[PDB]
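Asker: Give the three-dimensional model of this entry:
(chains A, B, C and D, ligands or ions: 1)
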Amino acid sequence: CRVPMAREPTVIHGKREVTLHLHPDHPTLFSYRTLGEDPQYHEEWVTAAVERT
Amino acid sequence: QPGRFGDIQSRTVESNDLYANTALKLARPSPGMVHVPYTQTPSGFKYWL
Amino acid sequence: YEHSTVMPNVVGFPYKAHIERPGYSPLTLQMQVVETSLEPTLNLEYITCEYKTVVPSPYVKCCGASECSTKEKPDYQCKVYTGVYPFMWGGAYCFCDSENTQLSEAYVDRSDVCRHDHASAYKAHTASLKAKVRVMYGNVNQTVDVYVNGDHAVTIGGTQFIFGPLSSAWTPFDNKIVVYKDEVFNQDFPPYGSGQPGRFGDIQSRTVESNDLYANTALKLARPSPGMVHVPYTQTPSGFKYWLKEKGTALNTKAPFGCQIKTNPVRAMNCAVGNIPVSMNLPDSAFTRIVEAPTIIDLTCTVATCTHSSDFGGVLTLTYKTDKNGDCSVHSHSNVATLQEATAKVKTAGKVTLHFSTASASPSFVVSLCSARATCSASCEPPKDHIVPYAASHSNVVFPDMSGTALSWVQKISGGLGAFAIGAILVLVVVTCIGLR
Amino acid sequence: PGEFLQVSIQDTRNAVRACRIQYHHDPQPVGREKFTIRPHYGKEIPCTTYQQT
Ligand SMILES: *[C@@H]1O[C@H](CO)[C@@H](O)[C@H](O)[C@H]1NC(C)=O
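Answerer: Numbering: from 1, shown residues only, chains lettered A, B, ... in the order given. Right below this line is the structure:
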C-alpha cells in the first residue's frame, strides 16, 4: 500500500541543539533520541505547523 | 526565508523582480509513469495569516 | 608471526595497526567494521491474539425442561432459564405458557487470523555477536563475515584473523520481551495460565499451531428478555486490542548507543560499545626485507595547520633523506591523533605530507616512516561550525600534552610558588639551627 | 468513518428493507502518517486486504 512522505523540515544549527520547523499536510508522527548511554527520547503526533528544539 | 512571512517579495505591486526563497526541490519520478515530483515549504503568507 | 591488537567497536571508524618485525620493513593494517549484529537466544513462552466468541442457536424446549452439561471448551458457560414464551415470528413457537425452557451457551475461541496477527512472549539469554570487517593491507581489499568470539578464524590473503570476545556483556533486551511485527517491547508478561480479562494475555496459546487455547475473558450469560428469541451475554473486550493501543513505546524508539532493532531474527544492529581484541598470524610472504625498502635517515616533522574538528583537520609535513624511490608505511604512536593514510610515496625530493584528526588543543605524538621516527607538536584551534552530519574520526582524548600553552603556565606558577616555599623552609631551618646552639 | 452501519435492499414490492446496527469504524492507514488518499508520488509498505477470489 502506497503512503506519502513528509516534506523535509527547516534545520537551524545552534550550540548543542537544532531547531526544526515542521509543516504537515495531515497528522504526522515525529520522534527523536540521542545516541548515547541514556537515550533521552520523545514521540509526538504533530497536526499543525510547529517549531521544536 | 521559507515558510515565514516574506518568503517571496516584490518591490511594488506591479514590479517584476520577485525575490523567492521557498525551498523548492525536485525528485526522481517513480518507475513507469509521467509526472514531476517535488517538495517545497508551504507559503509563509498563509502561515502569517 | 603473531600479533595482537585491540580495535574499537564503532561502525565506520578506520583502525590502523602497526607490525614491527625486526629484519623486515614495518606493515600497517587497515581494518574497520562495516556492520554489527547482536542476537539473543529466544525461548517461546506463548502466543496471544484476539479472541472470537462462539454463540450457537438457543435450544427452546416447548412443554418440558432441560438440564446443563459441562463441556471442555475454553471459558465455557451454560444456563437454563425456566419460564419463557418465545414468540418466534408470526406466532408463539410454543403452546404451553410457562413450561418452556431455553438453554443458552457460549464459549471463547481463537481468532480466524491468529496466524497473521499475533504477538509473542519470549525469554532472552546470552547473545551472540557477529560483525563484518573489511581488511586492507598490501594489495588485498577483502571483507569477511566473522563471529566476534575467540572461536572463529577467517583468512584474508594468507593471514589468520581471530576477533576476540567483546570487552563487555551489555545487551539492550531484558529477560522478557514481546515481538509484535517489526518492533520489540521490554515487557513483563503474565505467566502461562495466568492471564486476566481485558489485559495482555487474556487468552494464551503455547504455539501458533497448538490446541490448548487457555482463556480468561470474564464471559457471563444473561436471561433473555420476555417475548423474543436471543441469547444475551457480557464479556470484557479483548486485551490484545487494548494492548495494541496502550503498549507504551517500543524498544526501537529508545535504545542506547543507537542500536537498530530488527526483523524476524530479533537483533540489535550497530551498537557502539566495547572493544574487539584481534589476533593475527601473518605469513613471511606478506613482509618485505629491509634490503628492498628505502632507507630513510634524519626525519623531522612540522605541522602546518591544525583544527581539532571531527574531520581530518590537521596537516603535517615530513622532511627526510632517502636513497631510492619507494613506498613506506606511516603510523602514529598515540591515539591522540589519527592518521588518514597507511602508506606514503617516498621521493628524493625530501617532502611528504599527511593529514590527521584530533580533539586536543595541543597534541603531541610520534610519527614514523618505514624506518625512522619523529615527534610532532602542534597548537590546534577549535572549529566554528556547530553541527555536522558525520561522526568523529578520532578518540575523544582531550587532555592536553604537557609543554603546551595551558600546562606551561601551570608549571611556571608551580615553580614560582615552590621556589618561594623552599626559600621559606631554608630560612626557617637556618634560623632555628643557629638558635638551637 | 461513522458511528453506525446500515445495509438495505429493495424487495419484490419495491419497499425498502433496512437493518441498522451500532459499529465504530474509525480506520487509520499504515505507516507514520494519517493521510486520506494515496498520492501520485510516494513509498510502498506491506498491507493486508480481503482478496476477491
Ligand atoms: C576496497 O573496495 C571498496 C569497494 O569495493 C572500495 O570502496 C574501497 O575504496 C576499496 N579500497 C581501496 C583502498 O581501494
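Asker: Just the helices from chain B, written as ranges.
Answerer: B:44-48 (DSSP state H).
Asker: Up against chain D, what does it have?
Answerer: Within reach of chain D by CB under 8 Å from any CB of the partner chain, chain B has these residues: B:27, B:29, B:30, B:33, B:35, B:37. Heads up, the C-betas are built off the backbone N, CA and C, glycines and all.
Asker: Just give the number of residues close to the fifth one.
Answerer: Here the count is done by other CB atoms under 10 Å in any protein chain shown, and residue B:35 has 9 residues near it.
Asker: what about the strands in chain D?
Answerer: Using DSSP state E, the strands of chain D run over D:4-10, D:16-22, D:43-44.
Asker: Please apply the same query to chain A.
Answerer: In chain A, the strands defined using DSSP E lie at A:2-3, A:10-14, A:17-22, A:28-32, A:42-46, A:50-52.
Asker: Equivalent analysis for chain B, please.
Answerer: B:8-9, B:19-20, B:25-26, B:38-39.
Asker: can you tell me the residue of chain A closest to chain C?
Answerer: Of all residues in chain A, residue A:35 sits closest to chain C, at 3.8 Å by CB to the nearest CB.
Asker: got the contact list for that residue?
Answerer: By CB atoms under 8 Å, 6 or more residues apart in numbering or on different chains, the contact set of residue A:35 is C:257, C:258, C:272.
Asker: please redo it, this time with the cut-off set to 7 Å
Answerer: Listed by CB atoms under 7 Å, 6 or more residues apart in numbering or on different chains, the contact set of residue A:35 reads C:257, C:258.
Asker: Can you tell me how far it is from residue C:403?
Answerer: Distance, residue A:35 to residue C:403, by CB to CB, to the nearest Å: 36 Å.
Asker: Phi first, then psi, for the residue of chain D most remote from its centre.
Answerer: Residue farthest from the centre of chain D, counting by CA atoms, centre = their mean, is residue D:13 at 29.7 Å. Residue D:13 has phi and psi values of phi -90, psi 10 when expressed as degrees, to the nearest 10.
Asker: How many residues are close by the residue of chain A found nearest chain D?
Answerer: Chain A approaches chain D most closely through residue A:1 (3.3 Å), counting by CB to the nearest CB. Close neighbours of residue A:1, defined as other CB under 10 Å, add up to 14.
Asker: Verify the stated contact: it with residue D:49.
Answerer: No - using CB atoms under 7 Å, residue A:1 is not in contact with residue D:49, being 8.4 Å away.
Asker: List, one by one, the residues from chain A near chain D.
Answerer: By CB under 7 Å from any CB of the partner chain, the residues of chain A that approach chain D are A:1, A:2, A:3, A:4, A:5, A:6, A:26, A:27, A:28, A:29.
Asker: circling back to that earlier point, got TSV for the strands of chain D, with mean neighbour count too?
Answerer: What follows is the strands of chain D, written out as TSV (neighbours: other CB atoms under 10 Å in any protein chain shown):
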stretch	mean neighbour count
strand D:4-10	10
strand D:16-22	9
strand D:43-44	10
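Asker: Tell me which of the ones you listed lies nearest to chain B.
Answerer: Among these, strand D:43-44 comes nearest to chain B, with 9.8 Å by CB to the nearest CB.
Asker: just checking, what packs against that closest one?
Answerer: If contacts are counted by 3 or more CB pairs under 7 Å, 6 or more residues apart in numbering or on different chains; DSSP states H and E, strand D:43-44 sits against strand A:2-3.
Asker: The strand it packs on pairs with which strands, and in what direction?
Answerer: Applying DSSP bridges, strand A:2-3 is found paired with strand D:43-44 (antiparallel).
Asker: OK, contacts around the most centrally placed residue in chain A?
Answerer: The residue lying closest to the centre of chain A (CA atoms, centre = their mean) is residue A:30, at 4.6 Å. Residues near residue A:30 by CB under 7 Å, 6+ apart: A:22, A:44, A:46.
Asker: mind checking how far it is from residue D:33?
Answerer: In terms of CB to CB, residue A:30 sits 11 Å off from residue D:33.
Asker: Next up, the contacts around residue A:33.
Answerer: Counting by CB under 7 Å, 6+ apart, residue A:33 touches A:39, A:40, A:41, C:253, C:254.
Asker: Which pair in those has the greatest spatial separation?
Answerer: A:40 and C:253 (11.6 Å; CB to CB).
Asker: Does residue 43 have any beta-bridge partners, and if so which?
Answerer: Chain wasn't specified; assuming chain A. Residues in a beta bridge with residue A:43, per DSSP bridges, are residue A:31.
Asker: My question was about chain D, not that one.
Answerer: When bridges are called by DSSP bridges, residue D:43 pairs up with residue A:3.
Asker: How about residue B:40: what's its closest non-neighbour residue?
Answerer: Nearest non-adjacent residue to residue B:40, counting by CB to CB, 6 or more residues apart in numbering or on different chains: residue B:24, 4.1 Å away.
Asker: ugh, typo on my part, it should be residue D:8
Answerer: Nearest to residue D:8 is residue D:18, by CB to CB, 6+ apart, at 3.6 Å.
Asker: Enumerate the residues of chain D near chain B.
Answerer: Counting by CB under 7 Å from any CB, the positions of chain D adjacent to chain B are D:40, D:41.
Asker: Can you name the residue of chain D nearest to chain C?
Answerer: Of all residues in chain D, residue D:48 sits closest to chain C, at 7.0 Å by CB to the nearest CB.
Asker: what number of residues lie near that residue?
Answerer: If we define neighbours as other CB under 10 Å, then residue D:48 has 10 of them.
Asker: got the contact list for it?
Answerer: Contact partners of residue D:48, counting by CB under 7 Å, 6+ apart, are absent.
Asker: Residue D:40 now?
Answerer: Residues in contact with residue D:40 (CB under 7 Å, 6+ apart) are residue B:35.
Asker: Against residue C:410, how distant is it?
Answerer: Residue D:40 is 67 Å from residue C:410, where distance means CB to CB.
Asker: Okay, the nearest residue to the residue of chain A closest to chain D once chain neighbours are set aside and residue A:25: tell me how far apart.
Answerer: Spatial nearest neighbour of residue A:1, excluding adjacent residues (CB to CB, 6+ apart): residue D:47 at 3.3 Å. Distance from residue D:47 to residue A:25, counting by CB to CB: 21 Å.
Asker: Those two: which has the busier surroundings?
Answerer: For residue D:47 versus residue A:25, neighbours defined as other CB under 10 Å are more numerous around residue A:25 (14 against 11).
Asker: mind listing what the more buried one touches?
Answerer: Neighbour list for residue A:25: empty [criterion: CB under 7 Å, 6+ apart].
Asker: Within range of chain A, give me the residues from chain D.
Answerer: D:29-36, D:38-39, D:42-45, D:47.
Asker: quick one: which of those residues is nearest residue D:6?
Answerer: In terms of CB to CB, no member of these lies closer to residue D:6 than residue D:36, at 22.5 Å.
Asker: Neighbours of that closest one, how many?
Answerer: Using other CB under 10 Å, residue D:36 has 7 neighbouring residues.
Asker: how about the nearest residue to it, chain neighbours excluded?
Answerer: residue A:26 (7.0 Å).
Asker: For the residue in chain B that chain A sits nearest to, name its beta-bridge partners.
Answerer: Here chain B gets closest to chain A at one residue, residue B:39, 4.3 Å apart by CB to the nearest CB. Under the criterion DSSP bridges, residue B:39 forms beta bridges with residue B:25.
Asker: Let me know whether it touches residue B:25 as I believe.
Answerer: Yes - Residue B:39 lies in contact with residue B:25 (CB under 7 Å); the separation is 5.3 Å.
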